[PDB]
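Enquirer: Below are the C-alpha coordinates for one structure; questions will follow.
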Amino acid sequence: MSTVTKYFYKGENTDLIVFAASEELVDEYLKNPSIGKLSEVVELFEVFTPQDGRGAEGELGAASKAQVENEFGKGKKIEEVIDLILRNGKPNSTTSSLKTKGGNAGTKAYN
(Lines of atoms letter the chains of each structure in order from A and count residues from 1; the text may use other names and numbers.)
(Lines give C-alpha, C1' and ligand atoms only; values in the text may rest on other atoms or scores of the structure.)
Protein backbone atom coordinates (compact mmCIF):
# COMPACT_ATOMS: atom_id res chain seq x y z
CA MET A 1 0.00 0.00 0.00
CA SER A 2 2.25 2.84 -1.21
CA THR A 3 2.92 2.23 -4.92
CA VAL A 4 0.68 3.03 -7.91
CA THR A 5 0.28 0.73 -10.93
CA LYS A 6 1.28 1.76 -14.47
CA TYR A 7 -0.46 0.52 -17.64
CA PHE A 8 1.29 0.77 -21.03
CA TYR A 9 -0.60 0.95 -24.35
CA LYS A 10 1.37 0.34 -27.57
CA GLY A 11 -0.18 2.89 -29.96
CA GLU A 12 0.09 2.83 -33.77
CA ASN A 13 3.57 4.41 -33.83
CA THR A 14 4.21 5.81 -30.33
CA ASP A 15 3.44 4.26 -26.92
CA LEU A 16 0.84 5.84 -24.61
CA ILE A 17 1.06 5.02 -20.88
CA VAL A 18 -1.62 5.61 -18.22
CA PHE A 19 -1.50 5.89 -14.42
CA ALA A 20 -3.58 3.68 -12.09
CA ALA A 21 -4.08 3.14 -8.34
CA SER A 22 -3.62 -0.63 -7.92
CA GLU A 23 -4.35 -3.88 -9.80
CA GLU A 24 -7.29 -4.47 -7.45
CA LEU A 25 -9.40 -1.34 -8.06
CA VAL A 26 -8.47 -1.94 -11.72
CA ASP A 27 -9.60 -5.57 -12.15
CA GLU A 28 -12.76 -4.46 -10.31
CA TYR A 29 -13.64 -1.72 -12.82
CA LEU A 30 -13.35 -4.31 -15.62
CA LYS A 31 -15.52 -6.70 -13.58
CA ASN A 32 -18.09 -3.88 -13.58
CA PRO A 33 -17.48 -0.79 -15.77
CA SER A 34 -18.67 2.48 -14.19
CA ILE A 35 -17.59 5.91 -15.49
CA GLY A 36 -18.70 7.12 -12.04
CA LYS A 37 -15.88 4.99 -10.60
CA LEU A 38 -13.20 5.48 -13.28
CA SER A 39 -12.10 8.32 -10.98
CA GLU A 40 -11.21 6.25 -7.90
CA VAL A 41 -9.38 4.02 -10.40
CA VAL A 42 -7.35 6.60 -12.36
CA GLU A 43 -6.03 9.47 -10.21
CA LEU A 44 -4.43 11.50 -13.03
CA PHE A 45 -6.55 12.24 -16.12
CA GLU A 46 -3.77 12.62 -18.71
CA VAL A 47 -1.86 10.41 -21.17
CA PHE A 48 1.95 10.42 -20.81
CA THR A 49 4.55 8.96 -23.20
CA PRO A 50 8.26 8.01 -23.05
CA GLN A 51 10.97 10.69 -23.34
CA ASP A 52 12.31 12.22 -26.58
CA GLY A 53 14.23 8.97 -27.17
CA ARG A 54 14.70 5.49 -25.66
CA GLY A 55 14.42 5.40 -21.84
CA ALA A 56 11.34 5.42 -19.59
CA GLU A 57 13.37 6.77 -16.64
CA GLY A 58 13.69 10.06 -18.55
CA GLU A 59 10.94 12.68 -18.18
CA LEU A 60 7.63 11.31 -19.51
CA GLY A 61 5.93 13.86 -21.80
CA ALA A 62 2.33 14.64 -22.81
CA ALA A 63 0.59 13.49 -26.02
CA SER A 64 -0.91 16.21 -28.25
CA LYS A 65 -4.59 15.79 -29.22
CA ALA A 66 -3.48 15.05 -32.80
CA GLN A 67 -1.45 12.17 -31.29
CA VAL A 68 -4.47 10.86 -29.33
CA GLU A 69 -6.51 10.75 -32.55
CA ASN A 70 -3.92 8.32 -33.96
CA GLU A 71 -5.77 5.77 -31.77
CA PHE A 72 -9.29 6.87 -30.79
CA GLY A 73 -9.71 10.67 -30.71
CA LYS A 74 -11.41 11.35 -34.05
CA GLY A 75 -14.37 12.69 -32.03
CA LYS A 76 -14.05 10.99 -28.63
CA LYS A 77 -12.95 12.85 -25.47
CA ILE A 78 -10.37 12.05 -22.78
CA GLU A 79 -12.51 9.73 -20.62
CA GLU A 80 -13.57 7.15 -23.23
CA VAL A 81 -10.02 7.11 -24.64
CA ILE A 82 -8.60 6.15 -21.22
CA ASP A 83 -11.46 3.61 -21.11
CA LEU A 84 -10.49 1.57 -24.18
CA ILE A 85 -6.87 1.62 -22.96
CA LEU A 86 -7.71 0.51 -19.40
CA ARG A 87 -9.56 -2.36 -21.12
CA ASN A 88 -6.32 -4.35 -21.48
CA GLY A 89 -3.18 -2.42 -22.47
CA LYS A 90 0.11 -4.25 -21.83
CA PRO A 91 1.01 -5.01 -18.17
CA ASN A 92 4.68 -4.92 -17.11
CA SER A 93 6.62 -7.78 -15.47
CA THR A 94 8.94 -5.66 -13.30
CA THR A 95 11.28 -2.64 -13.41
CA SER A 96 14.56 -4.42 -12.61
CA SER A 97 17.76 -2.35 -12.87
CA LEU A 98 20.68 -3.01 -10.48
CA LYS A 99 19.31 -6.43 -9.45
CA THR A 100 20.25 -9.57 -11.41
CA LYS A 101 18.74 -12.83 -12.73
CA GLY A 102 18.07 -16.02 -10.73
CA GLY A 103 15.15 -18.41 -10.15
CA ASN A 104 15.04 -20.89 -13.06
CA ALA A 105 16.37 -24.45 -12.65
CA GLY A 106 18.24 -24.48 -9.32
CA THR A 107 21.68 -22.86 -8.96
CA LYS A 108 23.54 -25.84 -7.46
CA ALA A 109 20.88 -28.57 -7.14
CA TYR A 110 19.63 -30.01 -10.45
CA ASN A 111 20.55 -28.40 -13.79
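Each residue of the sequence shown is one higher than the one before, counting from 1 in the deposited numbering. Built from N, CA and C at the ideal position, the CB exists for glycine as well.
Need the endpoints of the beta strand (DSSP E) that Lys6 sits in, please.
Expert: As a working note, residue 6 is residue 6 in the sequence shown. Run containing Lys6: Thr5 to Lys10, per the beta strand (DSSP E) assignment.
Enquirer: Measuring only the C-alpha atoms, how far is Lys99 from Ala63?
Expert: Counted from its first residue, the sequence shown places residue 99 at position 99. Counted from its first residue, the sequence shown places residue 63 at position 63. Roughly 32 Å separates the two Cα atoms.
Enquirer: Looking only at DSSP bridge pairs, what is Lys90 linked to?
Expert: Looking up residue 90 in the sequence shown gives position 90. Bridge partners of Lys90: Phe8.
Enquirer: Inspect the beta-carbon positions of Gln51 and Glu59 and report whether they are closer than 7 Å.
Expert: Working through the sequence shown from its first residue, we reach residue 51 at position 51. Working through the sequence shown from its first residue, we reach residue 59 at position 59. It is a contact, given that the beta carbons lie within the stated cut-off.
Enquirer: Give me whichever residues DSSP pairs with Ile17 in a beta bridge.
Expert: In the sequence shown, residue 17 corresponds to position 17, counting from 1. DSSP, once it has assigned bridges, lists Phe8 and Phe48 as partnering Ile17.
Enquirer: Under a Cβ-count criterion, where at least 16 other Cβ atoms within 10 Å of its own Cβ denotes burial, should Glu12 be classed as buried or exposed?
Expert: Stepping through the sequence shown from its first residue, residue 12 is reached at position 12. So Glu12 counts as exposed.
Enquirer: Measure how close the beta-carbons of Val18 and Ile85 come, nearest whole angstrom, since I'm counting them as under 8 Å.
Expert: The count along the sequence shown starts at 1 and reaches residue 18 at position 18. The count along the sequence shown starts at 1 and reaches residue 85 at position 85. Rounded, the Cβ-Cβ distance is 5 Å, consistent with contact.
Enquirer: Please look up how many angstroms separate the CB atoms of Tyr7 and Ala20, rounded, as I've assumed it's under 8 Å.
Expert: Here residue 7 is taken as the residue at index 7 of the sequence shown, counted from 1. Here residue 20 is taken as the residue at index 20 of the sequence shown, counted from 1. With a Cβ gap of about 6 Å, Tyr7 and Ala20 count as contacting.
Enquirer: Within its chain, find whatever has a CB closer than 8 Å to the CB of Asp15; leave out the 5 residues flanking it on each side and keep chain order.
Expert: Locating residue 15 in the sequence shown gives position 15, counting from the first residue. Here the set comprises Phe8, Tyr9, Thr49 and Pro50.
Enquirer: What did DSSP end up calling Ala66 once you bin it into helix, strand or coil?
Expert: Locating residue 66 in the sequence shown gives position 66, where the first residue counts as 1. It is helical.
Enquirer: Take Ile35 and list the residues in its own chain whose beta-carbon comes closer than 7 Å to its own, dropping the five residues that flank it on each side.
Expert: If you number the sequence shown from 1, residue 35 lands on position 35. Here the set comprises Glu79.
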